[PDB]
4 protein chains.
Amino acid sequence: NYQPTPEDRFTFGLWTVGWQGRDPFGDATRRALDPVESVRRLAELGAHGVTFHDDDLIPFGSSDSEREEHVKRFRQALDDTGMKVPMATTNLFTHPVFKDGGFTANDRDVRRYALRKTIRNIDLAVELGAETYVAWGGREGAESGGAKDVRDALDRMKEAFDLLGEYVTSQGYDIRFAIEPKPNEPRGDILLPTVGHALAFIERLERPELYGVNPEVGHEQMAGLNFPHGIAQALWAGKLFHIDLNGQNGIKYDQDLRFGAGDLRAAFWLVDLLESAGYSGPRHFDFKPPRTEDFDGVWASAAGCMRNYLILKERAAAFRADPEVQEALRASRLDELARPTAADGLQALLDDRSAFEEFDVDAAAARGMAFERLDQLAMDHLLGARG
Amino acid sequence: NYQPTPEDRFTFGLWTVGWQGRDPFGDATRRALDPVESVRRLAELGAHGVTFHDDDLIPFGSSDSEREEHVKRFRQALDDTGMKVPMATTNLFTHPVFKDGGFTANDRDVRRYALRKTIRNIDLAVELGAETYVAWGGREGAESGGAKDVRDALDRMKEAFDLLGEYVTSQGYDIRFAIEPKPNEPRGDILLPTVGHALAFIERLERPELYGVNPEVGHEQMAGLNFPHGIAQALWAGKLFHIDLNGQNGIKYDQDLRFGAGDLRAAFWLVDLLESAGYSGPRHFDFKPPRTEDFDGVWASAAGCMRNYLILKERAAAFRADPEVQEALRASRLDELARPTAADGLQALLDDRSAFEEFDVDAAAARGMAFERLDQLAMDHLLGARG
Amino acid sequence: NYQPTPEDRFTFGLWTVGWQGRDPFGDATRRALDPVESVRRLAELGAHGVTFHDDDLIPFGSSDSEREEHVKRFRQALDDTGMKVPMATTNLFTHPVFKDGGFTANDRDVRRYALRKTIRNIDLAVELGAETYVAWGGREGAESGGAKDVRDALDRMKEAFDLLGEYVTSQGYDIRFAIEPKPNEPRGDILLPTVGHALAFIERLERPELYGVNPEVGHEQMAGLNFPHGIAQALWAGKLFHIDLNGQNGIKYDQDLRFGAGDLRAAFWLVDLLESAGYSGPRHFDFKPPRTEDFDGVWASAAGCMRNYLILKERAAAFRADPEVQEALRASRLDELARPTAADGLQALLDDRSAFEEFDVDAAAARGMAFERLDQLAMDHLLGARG
Amino acid sequence: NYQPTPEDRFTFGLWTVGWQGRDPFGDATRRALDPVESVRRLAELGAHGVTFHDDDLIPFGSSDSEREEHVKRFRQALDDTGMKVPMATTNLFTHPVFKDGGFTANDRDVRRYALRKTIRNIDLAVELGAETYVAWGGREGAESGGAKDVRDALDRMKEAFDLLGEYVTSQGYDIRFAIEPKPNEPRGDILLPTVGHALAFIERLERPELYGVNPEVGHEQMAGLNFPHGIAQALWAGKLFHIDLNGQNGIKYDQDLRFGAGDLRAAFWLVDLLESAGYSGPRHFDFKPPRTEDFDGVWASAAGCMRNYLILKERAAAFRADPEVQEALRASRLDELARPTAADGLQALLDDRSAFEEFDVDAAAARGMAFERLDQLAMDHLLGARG
Ligand SMILES: OC[C@H]1O[C@H](O)[C@H](O)[C@@H](O)[C@@H]1O
Ligand SMILES: OC[C@H]1O[C@H](O)[C@H](O)[C@@H](O)[C@@H]1O
Ligand SMILES: OC[C@H]1O[C@H](O)[C@H](O)[C@@H](O)[C@@H]1O
Ligand SMILES: OC[C@H]1O[C@H](O)[C@H](O)[C@@H](O)[C@@H]1O
Ligand SMILES: [Co+2]
Ligand SMILES: [Co+2]
Ligand SMILES: [Co+2]
Ligand SMILES: [Co+2]
Ligand SMILES: [Mg+2]
Ligand SMILES: [Mg+2]
Ligand SMILES: [Mg+2]
Ligand SMILES: [Mg+2]
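Definitions and cut-offs
Residues numbered from 1 in each chain as written, not as in the entry; some residues may be left out. Chains lettered and ligands numbered in written order. Heavy atoms only, no water. UniProt positions renumbered as here; feature names shortened; annotations may be inferred. Helix = DSSP H or I, 4+ residues; strand = E, 2+ residues; numbered from the N terminus. Contact = heavy atoms within 4.5 Å. Polar contact = N/O pair within 3.5 Å; in protein donor to acceptor, adjacent residues only side chain to side chain. Salt bridge = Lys/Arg side-chain N within 4 Å of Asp/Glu carboxyl O. Buried < 20%, exposed > 50% of the residue type's maximum accessible area, 1.4 Å probe, protein only. Pairing = 2+ DSSP bridges. Right-handed = clockwise from strand over helix to strand, strands pointing away. Near = heavy atom within 4 Å. Areas by Shrake-Rupley, 256 points an atom, 1.4 Å probe, with all protein chains shown as cover. Nonpolar A, V, L, I, M, F, W, Y, C, P; charged D, E, K, R; others polar. Least-squares fit on C-alpha atoms. Donors = N, O, S within 2.8 Å, 3.2 Å for Na, K, Ca; no water. Tetrahedral: all angles 85-135°; square planar, octahedral: opposite > 155°, others 65-115°. Axes fitted to C-alpha atoms, helices over the stretch in contact; angles between N-to-C directions. Parallel < 35°, antiparallel > 145°, perpendicular 65-115°, else oblique. Left-handed = near helix turned anticlockwise from the far one by under 90°. Buried area = accessible area lost by both parts, 1.4 Å probe. Expected span 1.5 Å × (residues − 1).

For this deposition, the record names X-ray crystallography as the technique by which the model was determined and cites 1.897 Å as its resolution.

Draft legend 1. Region of interest: the UniProt feature "active site" in chain A. Residue and element names in this part refer to chain A. Annotation from UniProt places "active site" at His 53 and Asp 56. Considering the arrangement of structural elements, one finds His 53 in strand β2 (residues 49–53). In this structure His 53 touches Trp 15, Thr 89, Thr 90, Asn 91 and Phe 93, once residues within four positions along its chain are discounted. Position of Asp 56 among the secondary structure elements: in helix α3 (residues 54–57). The contact partners of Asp 56, leaving out residues within four places of it in the chain, are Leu 14, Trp 15 and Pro 35. Of note is the side chain of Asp 56, whose polar atom sits 2.7 Å from the side chain of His 53.

Draft legend 2. Layout of the pattern of salt bridges. Evaluation of the coordinates by the stated rule reveals 136 salt bridges over all chains. Between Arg 386 of chain A and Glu 324 of chain A there is a salt bridge; the shortest N-O distance is 3.0 Å. Here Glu 324 of chain A lies in helix α12 (residues 323–331) and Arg 386 of chain A lies in the segment after α16 (371–382), a separation of 62 residues in the sequence. Close ionic contact of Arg 73 of chain C with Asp 34 of chain C constitutes a salt bridge, the shortest N to O distance being 2.6 Å. With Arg 73 of chain C in helix α4 (residues 64–81) and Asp 34 of chain C in the loop between α1 (14–17) and α2 (35–45), this residue pair connects regions lying 39 residues apart in the sequence. Classification of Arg 73 of chain C by relative accessible area gives partly exposed; the value is 38%. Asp 34 of chain C gets classed as partly exposed once you look at its relative accessible area, which sits at 28%. Salt bridges here are not isolated pairs; linked through shared partners, they connect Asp 100, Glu 143, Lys 148 and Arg 187 of chain A.

Draft legend 3. Region of the structure containing the pairing of strand β3 (residues 84–89) of chain A. Residues and elements named next belong to chain A. Of all six residues in β3, five are buried; the element is thus mostly enclosed. Inspection of the sheet shows β2 paired to β3 by four bridges, in the parallel sense. Following the sheet pairing, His 53 is matched in β3 by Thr 89. Inspection of the sheet shows β3 paired to strand β4 (residues 132–135) by three bridges, in the parallel sense. In the sheet register, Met 87 faces β4, and the bridge partner there is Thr 132. For the crossover from β3 across helix α5 (residues 108–127) to β4, the handedness is right-handed.

Draft legend 4. Region of interest: the site of ligand 2. Within the structure, ligand 2 sits among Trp 15, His 53, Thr 89, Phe 93, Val 134, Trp 136, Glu 180, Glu 216, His 219, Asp 244 and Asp 286 of chain B together with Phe 25 of chain C. Neighbouring residues of ligand 2 are not confined to one chain but are distributed across chains B and C. Between ligand 2 and the protein, one listed contact pairs an oxygen atom with a side-chain N or O atom of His 53 of chain B at 2.8 Å. Between ligand 2 and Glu 180 of chain B, the relevant distance is 2.5 Å, taken from an oxygen atom to a side-chain nitrogen or oxygen of the residue. Protein contact buries 96% of the 300 Å² of open area that ligand 2 shows by itself. Looking at the shell around ligand 2 residue by residue, the class counts come to five nonpolar, three polar and four charged.

Draft legend 5. Geometry of the relation of the copies chain B and chain C. Of the transformation placing chain B onto chain C, the axial shift is 0.0 Å and the rotation is 180°, giving an RMSD of 0.0 Å. Seen this way, the second copy is the image of the first under a two-fold rotation axis.

Draft legend 6. A look at the coordination of the magnesium ion (ligand 10). All names here are of chain B. Those donors, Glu 180 (OE), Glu 216 (OE), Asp 244 (OD) and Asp 286 (OD), are the protein atoms that reach the magnesium ion (ligand 10), and they lie 2.0 to 2.1 Å from it. Angles of 81 to 167° at the metal separate the six donor atoms of the magnesium ion (ligand 10), which places the site in the octahedral class. Of note, the magnesium ion (ligand 10) draws all its donor residues from one chain, in the sequence arrangement E-x35-E-x27-D-x41-D. In this structure, the magnesium ion (ligand 10) lies 4.9 Å from the cobalt ion (ligand 6), and both are coordinated by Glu 216. You can see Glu 180 sitting in the loop between β6 (176–179) and β7 (189–190) and its partner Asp 244 sitting in strand β9 (residues 244–245), a full 64 residues away along the chain. Residues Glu 180 and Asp 244 agree in their burial class; the two are buried.

Draft legend 7. Inspection of unusual backbone geometry at higher detail. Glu 185 of chain C connects to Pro 186 of chain C through a cis peptide bond whose omega is 15°. Considering the arrangement of structural elements, one finds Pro 186 of chain C in the loop between β6 (176–179) and β7 (189–190). Positive phi values are uncommon outside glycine, yet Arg 333 of chain D reaches one of about 60°. Phi at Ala 370 of chain D takes a positive value of approximately 60°, unusual for a residue other than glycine. Within the secondary structure, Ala 370 of chain D sits in the loop between α15 (361–365) and α16 (371–382).

Draft legend 8. Inspection of the packing of helix α2 (residues 35–45) of chain D against helix α4 (residues 64–81) of chain D at higher detail. All names here are of chain D. In the contact formed by α2 and α4, the axes pass within 9 Å of each other and the chain directions differ by 15°. When the interaxial angle is binned, α2 and α4 end up roughly parallel. The two elements α2 and α4 cross, and the hand of that crossing is right-handed. Facing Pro 35, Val 36, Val 39, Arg 40 and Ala 43 of α2, the residues of α4 in contact are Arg 73, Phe 74, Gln 76, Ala 77, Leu 78, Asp 80 and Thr 81. Partitioned by chemical class, the residues of the contact of α2 with α4 number seven nonpolar, two polar and three charged.

Draft legend 9. Representation of the interface of chain B and chain C. Contacts between chain B and chain C engage 30 residues on the former and 30 residues on the latter. Here chain B packs against chain C, burying approximately 2900 Å² in sum over the two surfaces, 58% of which is carbon and sulfur. When the buried area of chain B at its contact with chain C is split by residue, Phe 25, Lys 99 and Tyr 253 of chain B rank highest and sum to 24% of it. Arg 139 of chain B is the salt-bridge partner of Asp 23 of chain C, the closest N and O atoms lying 2.8 Å from each other. Taken together, the residues that form the side of chain B that touches chain C break down as ten nonpolar, seven polar and 13 charged.

Draft legend 10. Inspection of helix α5 (residues 108–127) of chain C at higher detail. In this model α5 of chain C runs 30 Å from its N-terminal to its C-terminal C-alpha over 20 residues, within 8% of the 28 Å that 1.5 Å per residue would give. In the segment just after α5 of chain C, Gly 129 of chain C is the residue with positive phi, at about 100°.

Draft legend 11. The arrangement of the coordination of the cobalt ion (ligand 7) in detail. Residues and elements named next belong to chain C. Protein-derived ligands of the cobalt ion (ligand 7) are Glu 216 (OE), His 219 (NE2), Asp 254 (OD), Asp 254 (OD) and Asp 256 (OD), with the metal-ligand distances lying across 2.1 to 2.4 Å. Written as a sequence motif, the donor residues of the cobalt ion (ligand 7) are E-x2-H-x34-D-x1-D. The metal-metal distance between the cobalt ion (ligand 7) and the magnesium ion (ligand 11) comes to 4.9 Å, with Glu 216 coordinating both. Remark: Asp 256 occurs in the loop between β9 (244–245) and α10 (264–276) and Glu 216 occurs in the loop between β8 (211–213) and α8 (217–221); sequence separation between them is 40 residues. Comparing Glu 216 with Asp 256, the two get one shared label, buried.

Draft legend 12. Molecular detail of the relation of the copies chain A and chain B. Expressed as a screw transformation, the operator carrying chain A onto chain B has a rotation angle of 180° and an axial translation of 0.0 Å, and the superposed copies differ by an RMSD of 0.0 Å. The overlap is high: 100% of the interface residues of chain A also sit at the interface in chain B, so the same surface is used on both sides.

Draft legend 13. Focus on the pairing of strand β6 (residues 176–179) of chain A. All names here are of chain A. Of the pairings in the sheet, the one linking β4 to β6 comprises four bridges and is parallel in character. When the sheet's bridge partners are listed, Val 134 is paired in β6 with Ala 178. Where β6 and strand β8 (residues 211–213) come together, three bridges link them in parallel fashion. Within β8, the position partnered with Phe 177 by the bridge is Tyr 211.

Draft legend 14. Structural detail: the site of ligand 4. Near ligand 4 you find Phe 25 of chain A together with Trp 15, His 53, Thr 89, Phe 93, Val 134, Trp 136, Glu 180, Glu 216, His 219, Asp 244 and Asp 286 of chain D, and these make up its full shell. Taken together, the residues near ligand 4 originate from chains A and D. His 53 of chain D places a side-chain nitrogen or oxygen 2.8 Å from an oxygen atom of ligand 4. Here an oxygen atom of ligand 4 sits 2.5 Å away from a polar atom, N or O, in the side chain of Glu 180 of chain D. The fraction of the free accessible surface of ligand 4 (310 Å²) that becomes covered by protein chains is 96%. For the shell around ligand 4, a count of residues per class yields five nonpolar, three polar and four charged.

Draft legend 15. Just the UniProt feature "binding site: Mg(2+) 1" in chain A, in detail. All names here are of chain A. According to UniProt, the feature "binding site: Mg(2+) 1" maps to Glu 180, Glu 216, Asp 244 and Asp 286 in the numbering used here. A maximum C-alpha distance of 11.6 Å places the annotated residues, which cover 107 residues in sequence, within one compact spot. Look past the residues within four positions of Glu 216 in its chain and what remains in contact with it is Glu 180, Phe 227, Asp 244, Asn 246, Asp 254, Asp 256 and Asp 286. For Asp 244, a relative accessible area of 2% corresponds to the buried category. Setting aside residues up to four positions removed in sequence, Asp 244 forms contacts with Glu 180, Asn 214, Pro 215, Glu 216, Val 217, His 284 and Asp 286. Polar side-chain contacts of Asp 244 include one of 3.3 Å to the side chain of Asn 214.

Pasting the structure below:
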């Protein structure tokens, strides 16, 4: 079973299945993919849609004429398949001009160029139906302490995003921005390194309602953080506009393994959260088929992304629907966590002797939380061993 | 040289020099310190003031009578020395009743107790002259995914902090709150794990102006993050109310080494930022003398904290005052980072052909940033090798 | 199903289920367990045997008289249940005298004491039937660079282990030593931090055949290493004398979660290796029930250790027995890895033009490894989704 | 001051200063360097010598004719400058044929090719005067558990190194091998991931005297290990044949910063060890000038490598020569660490009541180690603040 269909909202970046396998120590192991072929092959696997950087679709430095022919070909393929383009983004990291950043490059003329390059692709993104425009500032940062005044850099970053929002607002576009955090690589430290830092920064923008986050499983895991917890906080703030799904084995370089690889239990708790919170955005895969693979392995790895999501969804639904799990949740007082601590108010709390003067601290301390039995039920459900 | 004086604003927690050296695998190696003796010994070392958890000063479970005698003794010592109490905090982590948290414990009655325990110590803190009240939620979190609904937990955490602000507001107290993040330990994952997550959460509180952060060097380093960058972001947001200074060697358990130990270059860039941003709060040391040490080693380690700050301050001031460093900063275009990207406005940017159509991307890409020469000047200044 | 029986060779340390839950920031949450009660409760869960530190069984500082009464009581419990004692070890880390180490303490008289304390417990271990004597040097190490001359420390460590082997040899005991590595905690860096370092060091001992390793899942994971790979290397060397099973979420403090928690796919590949290599030693659990739990949660967590091993064993056996997996292994050329590279010899290799001069490097480079399809079969088997 | 001269034995890889700055997310920012120009520019900076991969010097796929012209040009440059070639190595990682490894590729014909490619460059290395031949198995490893049988892979790795030693032995070459460990990148996990694992593996080779290690500062730091401790263990074993010097900020991708950047105190303790142990091999820099830099920044970064070594050497010599530091070392009993624990023998130890029965454990436990005062003296010396 576990066959994906378009209703599952699975999307892929052109740059994922199209990764040629060049890494810091090795040349490409696969030939380039025509974006048209990717659209058609992904349609046939059950995907909902594709996403793109400007430079994935239009080779850098293309004339106005060549650009229009690349776009018309791609549009033809989308029209033939019904495939959607829910998200687009800008490549502000590959070309050598961006070696010190785009929006926060020390050189002012690079920052202006970065903004104009971005603005041009927003126009295309909106024409193609994108609802979210992602910004990953992979070159915004430093290898050394004196190279970047971080307060000035944040001024410039706020300036850039404020201008993008003025632009979308002035055009009447119905598109929103999502900032994708990453703690490091390819810069020694990248600005806004986690979901938390990006959420804080959004609250200083002129129009914070236009901006949310695009968290990536493996990126938060490169800081050793709990990805489901961070997604919970982004949901709680109302800012989970988009999400990048993949796998990562711990704190090391950015692996971009297929979703479900890496930390499998984190993947389980992630799917449980997304589904029980009713997240309705794309399930987007930002992953790289390992460079050991040929083109058959590329499509196997892509199918595996969707397969693992669908299996985990099933196990998480079975977990929450199990009356034994519901009983375990009550034994662990998850339901008391949802009750307000003091809806009776501050004065009532202060005058309540049962909350302090007469509180039996030893009796309360003695109560087991019963968390291990609950977690073993979760393990049994994940492994399909409830029998 | 490098003798500290009270004007340097160095402060210490009672629980730092007073750490008896019990760790997860070993019993105490030092006898307990009388808080009065700590105040006097710290005064003689040059400290500005001390800080405390409620339970450092008043043994847990003390009667109203015993509590008043502990406080009067301590007040006597402060009055005799002129030592200040700029910050206080609550112990919501040692007693077994807090094993699932304080403000976000699943059990409602523990959460109510946690709030009443906190409120009582705010009253004492304000009476003693504290300007900042720190909250470190070291038990707020989980070892397993099903144990904590993180959205409900954030509701309860917001509820608790909103009530604390209502309380200080209703009493007319002039005291502000600072949330201290930590990514893990003693819980498997702790809620609000970084400076970023804490900053974001503050923006959802009813009265965000009452709350800032208390970042700790070693805690952000337990997520492998760049501590100066995070402090820069907290300054940029106006939320650096307090700071914990210490050392940490990488991603492992929380070491709480004396300041300057651990990542020495990060300490250098930290001091350079605090001094050039004009941070005027306490330089507070949250550190543990290693349990190898006797009481002479405790006071040597404490003196070393202040000594290393003063040496680094001197090297950072010499760095910024060096005309060769100023020249290097200009060669790296740090001054162009402070110029607005587009103060001419969005329409002018769109109509500027030099920012895109006629932008010579190859010429710009060819410009070296000269960052290594600048960083070697910083190294030479840190090592006192400018000769 | 998945009921453990004594034939499964599951063992537990007295100090695991008996952990009272004192951590660096909190007091005990559970009362102490009588070792007799642990033996009986573990027998009833299906365990094969127990292990112990000297100080778990005999309170430190006991008289010759009290010691004999503690041991006779324990022996009575083993005799009543048929429970075995396959392994024992020394506590050279809790008492303050060991704060700078046991075998590599700077003070010579502590090192002599450490050896005499160890030798006394070897006698007891052998009397009780232990086949392996584990050494975990948790205090051997340093927080600072100048505190320990590491070459001299390794001399002292070799000296200590050489003396232990002379002792067992002179007594004619049939017991072997296993060194348990850990990279850090409670010391800033611990000597012999990984399986690799311990294996190398053994080769410099006078009688290397008496010494192997006791690797712990979570310890190698605290260095971000691949635990199955390290176990493979220890097997390849013939030195896997014992093993500690538990779980760990990444690079942070030592969590000692129940086995199967933490990195679940690593647990799967671990069980697959142990079973396909025919490891016949104890499956020993060195874990801590979280301090959130009461005594019912202690025994639930312990049962969960054995349960997860048995489930993973089943999934790994099904994986290897699947003809589709066998086909996938051949497509990935795992069988060609077992063929010698050049059993024809060096001169034949040098004269073979097909290995260099006429080797079609492009054809070989083009071959996909088909690793993702193989790994998705492994995922399907782990999740019980082969249907 | 701190001017390097050839007597300082500083060496550089052609691939360091010649790094064009292509990273996983960006194209080259610098033009290629002619190896002849590197030799001459490095001679003028004070370098002792250069090192090379085969493919740095001879473009891959060169004819016998083109190869001889590349080598003669390079030889001319060495002869003109007196520059030495103390070490050489093989590129078994860039070409797509090595995507699953060289010596441990699943495909047998790739392994044979890998050996023939290596053997050809040993001949050249010896002709040019190299004393050490380094092997870095950067593609030996896996992204997934089923892809590599690690025991079979270690068989193949031992087979390959045994054949290389037979070859050098049969030719009568006076050259030795050094294995360079790395824990991960570009493979998900690399075989022999640390200095420890490499040392253990050497002891299973047919002729272990021909093999040692080439540890790299940043590589051991990618596992969060203490690099000086690991070097101490390699010295203690007699296996430090070569060393790679650079910098790394923690557990993340391999940064290859200039030496002295990254963990500065670790660099200090490293230089103190190398100099006090009398290491007499090359001080080799395996580093990458950041891709932000132009060619002036390349040579500034290279000079900085040597500069920082010379400054740290001076500070470490001043540290050890300080009578106050000698006094501190005695107070911390570093001199008692060098005394044998029991040169009186096992029977004398067993019969010594002062080592156990009459050992005053409380008196010994009470002794402070005085480590913090010693470490603050080390800090003062590193920072040039002894005044
Ligand atoms: O933002 C779009 C994408 O850009 C790059 O490919 C990044 O590596 C990826 O993290 C991000 O999702
Ligand atoms: O908040 C006050 C202090 O509480 C605890 O001692 C924490 O370990 C420390 O991180 C914090 O600063
Ligand atoms: O060696 C016996 C045991 O000693 C301690 O309890 C260690 O924490 C554990 O790692 C080890 O297995
Ligand atoms: O072995 C020679 C060198 O090969 C590669 O360039 C590696 O990245 C470097 O780590 C190693 O020293
Ligand atoms: Co990624
Ligand atoms: Co801390
Ligand atoms: Co452990
Ligand atoms: Co490197
Ligand atoms: Mg992404
Ligand atoms: Mg703190
Ligand atoms: Mg263990
Ligand atoms: Mg190297």
